[PDB]
Amino acid sequence: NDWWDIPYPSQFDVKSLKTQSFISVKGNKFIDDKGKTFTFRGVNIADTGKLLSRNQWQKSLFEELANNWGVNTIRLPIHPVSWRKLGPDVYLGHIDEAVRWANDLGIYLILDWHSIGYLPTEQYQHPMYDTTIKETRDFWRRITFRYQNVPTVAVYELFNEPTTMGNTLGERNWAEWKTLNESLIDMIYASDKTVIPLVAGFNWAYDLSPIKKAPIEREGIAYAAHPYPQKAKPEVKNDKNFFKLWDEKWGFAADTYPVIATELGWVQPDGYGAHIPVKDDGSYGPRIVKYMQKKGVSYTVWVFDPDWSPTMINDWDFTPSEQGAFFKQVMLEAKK
Amino acid sequence: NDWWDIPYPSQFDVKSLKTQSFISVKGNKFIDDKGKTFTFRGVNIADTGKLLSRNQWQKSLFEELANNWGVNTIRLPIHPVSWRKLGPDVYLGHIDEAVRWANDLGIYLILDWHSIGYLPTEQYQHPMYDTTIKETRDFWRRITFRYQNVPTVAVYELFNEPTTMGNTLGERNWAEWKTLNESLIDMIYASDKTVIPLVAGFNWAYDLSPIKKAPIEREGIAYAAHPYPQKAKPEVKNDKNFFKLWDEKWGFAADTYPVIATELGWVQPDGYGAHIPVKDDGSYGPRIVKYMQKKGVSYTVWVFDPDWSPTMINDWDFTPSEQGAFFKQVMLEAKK
Amino acid sequence: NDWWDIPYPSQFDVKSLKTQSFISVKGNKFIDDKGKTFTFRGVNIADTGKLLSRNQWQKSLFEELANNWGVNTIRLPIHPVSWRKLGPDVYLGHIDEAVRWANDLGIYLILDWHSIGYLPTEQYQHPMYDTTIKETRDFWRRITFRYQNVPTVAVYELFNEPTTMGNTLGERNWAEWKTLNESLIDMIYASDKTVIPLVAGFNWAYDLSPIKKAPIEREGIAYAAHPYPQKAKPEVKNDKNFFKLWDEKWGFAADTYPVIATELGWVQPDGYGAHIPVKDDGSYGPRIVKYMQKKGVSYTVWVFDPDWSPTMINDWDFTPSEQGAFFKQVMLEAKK
Ligand SMILES: [Cl-]
Ligand SMILES: [Cl-]
Ligand SMILES: [Cl-]
Ligand SMILES: [Cl-]
Ligand SMILES: [Cl-]
Ligand SMILES: [Cl-]
Ligand SMILES: [Mg+2]
Ligand SMILES: [Mg+2]
Ligand SMILES: [Mg+2]
């Protein structure tokens with residue numbers, strides 16, 4: 001163990017993959033490399049470390065989703081605490097497995113640096129999300145180098161949920177956040193220009209309104225939105241009123257840039273692991289789907305896991321939950 | 001030990017306390033919530049970890065001080081190395097004990113993030129004081145959330161002693177330091193507006209002169225001063241000359257803002273643990289007391305401990321030292 | 001093990017040294033304190049931790065170099081990973097040994113904080129070089145205090161090789177880098193004004209061109225250059241064309257400031273540990289020596305070690321390599 005003999009890193013072997021189209025940004029759409037408009041449709045699964053701990057990190061999970069749930073995309077929420085606990089080298093080795101599985105099934109990955117808080121002050125909602133600017137840069141530097149020229153890995157979601165929690169974490173400042181995303185994007189593009197960065201707004205990735213006046217000044221990006229049921233709070237709960245509020249905060253973005261709702265979903269207020277902002281009577285499902293389909297918005301439901309809520313499944317035999325059965329039918333129909 | 005099951009933090013239970021007035025800032029004074037002018041008068045004790053290590057962290061210490069030494073305030077100098085060694089969760093559990101003890105005795109706490117150095121460059125006088133901007137923010141975020149609405153915890157002293165040690169630690173810059181304090185204050189006020197932040201100047205919390213032109217731009221704060229005997233160095237040592245020098249550097253602040261001299265004290269030049277700037281023949285005692293009483297300045301003597309110098313006590317039976325006997329009489333008389 | 005009893009640091013004992021001239025900057029030259037023009041001529045050796053691990057950290061190494069290789073200078077490349085692995089206290093104790101050895105032999109040390117990457121974003125070429133702004137400041141704070149007034153330690157080389165690796169590590173920005181060096185210099189000069197800071201440019205300490213318009217705004221400094229054989233790439237390889245390219249990027253600096261080429265050297269393209277940018281047929285040796293001698297440039301060859309390449313020696317009996325035999329003759333002749 002001489003530190004001077006520690007190897008320089010290696011890149012994923014693209015020859016190990018079957019042919020797969022690259023996804024790219026064109027105006028306000030994604031397109032495949034055949035030129036056809038593309039929509040990300042799929043789910044989040046849990047952090048790789050959580051799945052490994054219960055022996056659920058396996059190809060059979062991806063096969064279930066691709067073959068039975070109609071997904072074309074899986075979002076991997078890589079939690080900083082798990083990145084550190086497994087260690088970068090081991091974690092990347094498991095992401096490699098996901099790449100191979102996904103490629104074999106013809107589906108795509110969104111790699112999400114899964115933190116919640118305010119990166120400019122390095123203050124977070126919970127220790128599982130704890131990180132630094134330095135560690136965040138390093139994650140993207142390592143990821144972009146390793147998966148250079150890998151079509152399967154389509155989207156780099158830079159920071160899951162920006163929030164200052166009522167300014168208890170710092171003073172939210174769009175200019176500062178914009179500049180930091182631009183810095184990350186520049187590192188990424190210096191290493192791989194074929195990948196799609198995904199940028200989020202404040203109020204837990206809900207409010208993209210700042211981009212009306214001050215969008216990120218880089219091409220080829222998309223914007224994230226997390227339009228959970230309780231984020232908009234109209235006094236009268238109907239399509240028209242939710243649509244208008246969604247329009248104002250995030251939906252407008254889809255007129256100019258591609259948008260991925262990288263989290264959405266619900267559970268009954270008296271259901272399993274129910275909490276604000278995910279409580280709903282179920283009318284939200286058809287509403288958000290109708291709204292997204294109208295605008296051509298892409299999405300990954302939270303979450304295809306039986307422990308973390310709101311769940312899509314009740315157990316590891318994949319018994320569907322209320323929202324699981326709903327979205328499964330939606331995705332299957334969209335696939336046709 | 002699954003990291004996703006680590007609990008979110010809880011707040012101190014205010015129902016566990018007896019009725020106690022809140023202290024607040026009004027102009028250049030502190031007032032209690034009955035509207036009466038209030039003066040912090042008390043002592044520092046040692047870091048909680050030091051006391052626990054010798055089994056001296058107990059209610060009987062607070063009882064000695066309240067009943068026999070006339071104090072209405074105790075300053076807790078929380079050293080970053082001890083915060084890390086005990087760990088936040090355990091350290092906060094011991095601060096809870098202090099809150100309950102102090103509340104029962106009708107006295108107040110000043111919570112002091114006890115570092116010495118230059119936080120903007122993260123360089124310090126000694127490793128026991130080592131911290132980062134990130135860790136400092138986190139400390140105040142955790143403290144402010146936990147003690148929301150707790151009258152007993154009156155003052156949040158953001159950073160004990162700013163100094164660049166002759167610019168060996170960085171280039172002292174008031175604008176940069178001011179901005180950082182303002183950032184901390186904003187985090188604190190976003191979580192609890194009833195607490196009093198206490199801000200310090202350069203030259204080891206001695207020089208408040210920068211606030212003449214550029215005071216912190218936030219309401220409800222106070223300023224710290226550490227007017228140890230050797231900080232002012234008049235050629236002729238008398239009341240008039242020390243008073244003028246104190247006026248110029250820190251005393252003037254009390255005309256506009258409340259001031260707490262959160263450290264002061266002396267030992268004979270040939271006494272126990274004697275060092276610059278605490279050496280004095282004893283004439284300093286009546287002088288600083290006269291000066292503070294004239295201006296209505298609050299204070300906490302350093303230190304009610306038999307090991308750390310200058311001591312107020314010779315042993316844990318509370319045998320008074322020279323300065324201990326002096327200040328004990330002063331505080332007892334002021335209490336009457 | 002009470003953290004409050006951890007000692008404050010001590011300074012190297014200058015009384016332990018024999019008389020040795022201080023080296024200082026005067027215009028574009030170094031001069032000794034007798035007023036005579038001085039040129040650093042010597043070698044790098046490996047990191048102290050690497051040498052200790054094979055029992056090669058000993059005075060006999062310095063004696064070999066001074067007595068048999070004509071050196072007046074040794075550059076110590078202190079790798080951050082090794083600084084952390086040995087720990088500051090132990091590492092400084094070994095640097096003390098080097099100081100005593102070097103002083104006894106009448107030779108000088110360049111202390112090099114041996115990182116490769118972009119310090120403003122804290123991203124690096126390899127983990128052995130990993131550091132932070134905080135740790136880098138702390139290193140120089142500790143070094144400058146300890147070796148105050150020690151003539152033997154002549155040059156503080158602040159950061160070995162700045163590079164953004166094609167902007168994959170961050171966006172190279174001269175203004176930001178300049179400001180950071182100025183910050184380090186100010187810390188150093190606040191502690192010891194007799195030492196020479198050595199500042200490097202981008203493209204792995206190759207490109208000093210930014211200083212034409214925006215030199216570091218501090219007196220008494222020198223500039224580093226690492227003119228390895230493949231850094232300049234003329235289509236026709238001859239003296240004239242290399243000289244012009246070297247002139248443009250780094251050589252011009254020697255007209256106004258002292259310059260130390262703190263790394264240079266070569267190995268045959270099919271030789272031991274051959275890599276870009278050190279591959280050459282050997283014509284580089286006479287060329288760079290001629291160029292440096294013309295301009296009065298100082299230098300330390302990389303590297304007097306049998307493992308790290310390009311080597312000056314084949315084994316620890318000091319069998320010379322191709323470049324070793326070449327530079328040994330050059331230095332011996334220059335000494336005469
Ligand atoms: Cl927010
Ligand atoms: Cl809730
Ligand atoms: Cl200062
Ligand atoms: Cl002293
Ligand atoms: Cl560069
Ligand atoms: Cl190569
Ligand atoms: Mg890709
Ligand atoms: Mg309070
Ligand atoms: Mg020196």
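One-based numbering, in listed order, for ligands and for the atoms of each. When reading the values below, keep in mind they use all heavy atoms of this one structure, side chains included, and skip hydrogens, waters and symmetry mates. Numbered from 1 within each chain, the chains take letters A, B, ... in sequence-line order.
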Within-4.5 Å side-chain heavy-atom neighbours: A/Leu109 and A/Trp101: no

To the nearest 0.5 Å, how far apart are CD in B/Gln123 and CG in B/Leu169?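 If we round to the nearest 0.5 Å, B/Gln123:CD and B/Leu169:CG are 6.5 Å apart.
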
Can we call the ring centroids of B/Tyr228 and B/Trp204 under 6.0 Å apart?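 No, the ring of B/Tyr228 stays outside the 6.0 Å limit from the ring of B/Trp204, centre to centre.
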
Which donor-acceptor pairs under 3.5 Å do side chains of residues 22-30 of chain C form with protein atoms, sequence neighbours excluded?
| residue | atom | partner | partner atom | Å |
| --- | --- | --- | --- | --- |
| C/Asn28 | ND2 | C/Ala254 | O | 3.0 |

Mind telling me whether C/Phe139 and C/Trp113 have parallel, tilted or perpendicular rings, with 30° and 60° as the class edges? parallel

For the pair A/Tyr223 and A/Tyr257, name the ring-plane relationship: parallel under 30°, tilted 30 to 60°, perpendicular over 60°.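 Aromatic pair A/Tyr223/A/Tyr257 classed perpendicular.
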
Just the protein N/O/S atoms under 2.8 Å from the Mg ion (ligand 7), please, no waters. A/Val150 O, A/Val153 O

